[PDB]
Each structure stands twice: as C-alpha cells, then as structure tokens.
Amino acid sequence: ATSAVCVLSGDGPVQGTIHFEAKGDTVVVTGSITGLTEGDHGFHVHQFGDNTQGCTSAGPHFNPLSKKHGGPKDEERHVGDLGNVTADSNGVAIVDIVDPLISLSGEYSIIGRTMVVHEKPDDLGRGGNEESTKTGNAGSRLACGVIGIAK
Amino acid sequence: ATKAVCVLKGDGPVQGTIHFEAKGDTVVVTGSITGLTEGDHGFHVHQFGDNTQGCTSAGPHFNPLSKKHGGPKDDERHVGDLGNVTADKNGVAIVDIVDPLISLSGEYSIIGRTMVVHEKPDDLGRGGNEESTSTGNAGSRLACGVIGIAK
Ligand SMILES: [Cu+2]
Ligand SMILES: [Cu+2]
Ligand SMILES: [Cu+2]
Ligand SMILES: [Zn+2]
C-alpha cells in the first residue's frame, strides 16, 4: 500500500485519526489527536493489531531488529519508536512526522499493527533506568487503533 | 503473517471476534458473532481498513480480480465474498470457514482490510437485480473491524 489510516480510540476521552503516506523511502504521518493533557505523549507503533483486550493486547513496540528503545533520530531504536506528539492547552496534538524506518510494505510494514498514544512523555531511552530502554517510561496506553489500508 | 484477528464493533449490539490462520496453502476463519437477529447474514471482506466513518468508509468488497459478486463456492465472486454466517435463536453465529481466495500475505492479503457482518442474507449474486451483482442485497453494515496481525 501507498496510504494507510488509523482511528485511535480508548476507554477515556482520547481519540484521533492518523494518516500515513509513502513518499520516497519514508512514511509521512499526519493527523490529530484530541482529549490529551497538555504536554508531550509517547507515540509508538506496537507489534500486534489485536484489540481483543483493548490496547493491552497490542503487545510491545514493533521491534523486528531486536534493538533497545530510543527516539526516532537514534540509531538504536525500535522500528515503532516515533517519539512524542505534543498537545496544546486545549488537549489538541497535531501530528506531523516523517520517518524512514517504518514502511507500508515489505518486512517493516506497519499495516495490520497498532498505533498507541501514551499517558506520559517518552524519555527517548535517556531516562537513566531500565524501563527507559524498553518503553521510554511513557506509561499507560490512552488510545489505540489498528493501521488499515486507505484509498 | 501467519495469524490474524479482527474485533467487530458497530453502533448496535452486534459484536464478535474473528481469527484467521494460514494452514498449509489455505486460510481458516473461525470465531463467533453475537447480538444478531436469527437467520443468515452476509459476511464479507471489504477493501479498505478505514473506519473514520464507521463501517461506511470500508468501501466495497475486496475485488482485485474485478469480478461480480457471488458465493464462496463460485468461480465468479469477489475475493472478499465469504457468503453468510447463520445466527441461532439466541443471536449467536459460529464462524467456521476455509477459503481459498483470501490470503494473509501477497496480492490477496486481507491484513489491513475490513471484515463486515451485514443486516440481511447475502443472495450470492443470484437475486436478479443490479445490486445482487455488487453486494448480494446484504444491506447495511451492522459491525466491522480492521484485520490485524496476531501473535
Ligand atoms: Cu509505546
Ligand atoms: Cu520503543
Ligand atoms: Cu459486504
Ligand atoms: Zn462481493
């Protein structure tokens, strides 16, 4: 596919629509997320597109190369590590990311996987503790959705 | 990849969980759907995994070979034509299908697409009007979900 979409929903008020478009050897990720607390919120692709137990069954970060967690500009990061989105005072986060590791086809394809927006900021693997190098200390999963093929 | 799952939801009481597993050279579809009216209900793979407008944005039946609608055992059918599921008096439908045209990888892959359960029976392209050749006269989309990768 050349284009994909994901609608984020959860048990709280957070919701959003994320769009993905292949451009060159990158994916451009755009959209908006509402109902967030102002500030940064971790934003990752998780491994499974399984919503049978809400966002908990999505599993860990998508990591086909078996690396530690990092920020999107790091050499050592999960494929699913897209850093943070920032919500304003009204709870609105505008998403505008360009990433060369995620793909919409082939081995690193994210189609059929899950996008998750988290409770806290992602510390980008520089938190100093062990959880930092697994999840970035981003905490709970506020909302999630399976990434589907779009027109 | 080898296993997929879809959680069906809508605006009504209809809900369900569908599992997909590549066994040998075919795909086995199993699960159950609840909240249905007794009788047959059309059960199809629609093209887009886009739920921004509920099940409406899923588009038409997945049809890479550009054929008319039919039943699962016909030569002339859409790839997404999985026939009907049958609900008992309690509104429960058990899904147990083996299909040769769908896949979980490659050109026929349904990963990232949408599973839909419809309001009425699918007439299998035999109703005699133009609509029969598109949707089987299966009617409204009661519940749907995006098909994601499972563990
Ligand atoms: Cu995460
Ligand atoms: Cu990570
Ligand atoms: Cu249909
Ligand atoms: Zn059809």
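Throughout, read-outs are computed from the coordinates displayed, never taken from laboratory work. Note: ideal-geometry Cβ built from the backbone for every residue, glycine included; neighbour counts use all protein chains shown.
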Over region B:62-91, the set of residues in contact with a strand residue (DSSP E or B) (Cβ under 6 Å, 6 or more places away or on another chain) and within 16 Å of B:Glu107 (Cβ to Cβ) is B:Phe62, B:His78, B:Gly80
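Being on the phi < 0 side of the Ramachandran plot and away from chain A (no Cβ under 14 Å), is that true of even one residue in region B:105-117? Talk me through it step by step, then tell me what you get.
We begin by selecting, within region B:105-117, every residue on the phi < 0 side of the Ramachandran plot; these are B:105, B:107-111, B:113-117.
This time we only want the ones that are away from chain A (no Cβ under 14 Å), so: B:117.
Within region B:105-117 (the criterion being on the phi < 0 side of the Ramachandran plot and away from chain A (no Cβ under 14 Å)), the answer is yes, since at least one residue qualifies.
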Exactly one of A:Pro64, A:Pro60, A:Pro100, A:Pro72 is away from ligand 2 (no atom under 15 Å from the Cβ), more than 17 Å from A:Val5 (Cα to Cα) and not β-branched (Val, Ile, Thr), and that residue is A:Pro100
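Based on this model, can you work out whether B:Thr135 counts as of a type in the set (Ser, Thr, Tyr), under 30 Å from A:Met115 (Cα atoms) and either in contact (Cβ under 8 Å) with a residue 24 or more places away in the chain or within 14 Å of chain A (Cβ to nearest Cβ) (or both)?
Numbers: of a type in the set (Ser, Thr, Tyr): yes; under 30 Å from A:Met115 (Cα atoms): no; either in contact (Cβ under 8 Å) with a residue 24 or more places away in the chain or within 14 Å of chain A (Cβ to nearest Cβ) (or both): yes.
Criteria not met by B:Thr135.
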Would you mention how many residues in region A:9-26 are within 14 Å of another protein chain (Cβ to nearest Cβ) and either over 14 Å from the mean Cα position of the chain (by Cα) or surrounded by fewer than 22 Cβ atoms within 10 Å (Cβ to Cβ) (or both)?
-> 8
Within region A:88-111, which residues are among the hydrophobic types (A, V, I, L, M, F, W, C), surrounded by fewer than 22 Cβ atoms within 10 Å (Cβ to Cβ) and more than 20 Å from A:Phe48 (Cα to Cα)?
-> A:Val92, A:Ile94, A:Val95, A:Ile97, A:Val98
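Please go through region B:30-52 and pick out each residue that is more than 10 Å from every other protein chain (Cβ to nearest Cβ) and buried (at least 22 other Cβ atoms within 10 Å of the Cβ). Reasoning before the result, please.
The initial filter retains those residues of region B:30-52 that are more than 10 Å from every other protein chain (Cβ to nearest Cβ), namely B:30-46.
Within region B:30-52, B:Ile33, B:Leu36, B:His41, B:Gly42, B:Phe43, B:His44, B:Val45, B:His46 meet the criteria.
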Filter result (free of Cβ contacts under 8 Å to residues at least 40 places away in the same chain and more than 12 Å from ligand 3 (Cβ to nearest atom)) within region B:53-78 | B:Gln53, B:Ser57, B:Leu65, B:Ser66, B:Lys67, B:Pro72, B:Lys73, B:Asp75
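Condition first: over 19 Å from B:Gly59 (Cα atoms) and of a type outside the set (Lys, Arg). Now tell me which residues in region B:125-151 satisfy that. Let's see the steps before the verdict.
To start, the set of residues in region B:125-151 that are over 19 Å from B:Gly59 (Cα atoms) comprises B:126-129, B:149-151.
Passing the criteria: B:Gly127, B:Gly128, B:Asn129, B:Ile149, B:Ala150.
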Take the residues in region B:45-77 that are of a type in the set (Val, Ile, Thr) and farther than 16 Å from B:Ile102 by Cβ, then tell me which one is farthest from ligand 1 (Cβ to nearest atom).
-> B:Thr56
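Based on what the data block shows, is A:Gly127 away from ligand 1 (no atom under 11 Å from the Cβ), closer than 17 Å to A:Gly31 by Cα and of a type outside the set (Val, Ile, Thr)? Steps first, please.
On the way: away from ligand 1 (no atom under 11 Å from the Cβ): yes; closer than 17 Å to A:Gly31 by Cα: no; of a type outside the set (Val, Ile, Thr): yes.
No.
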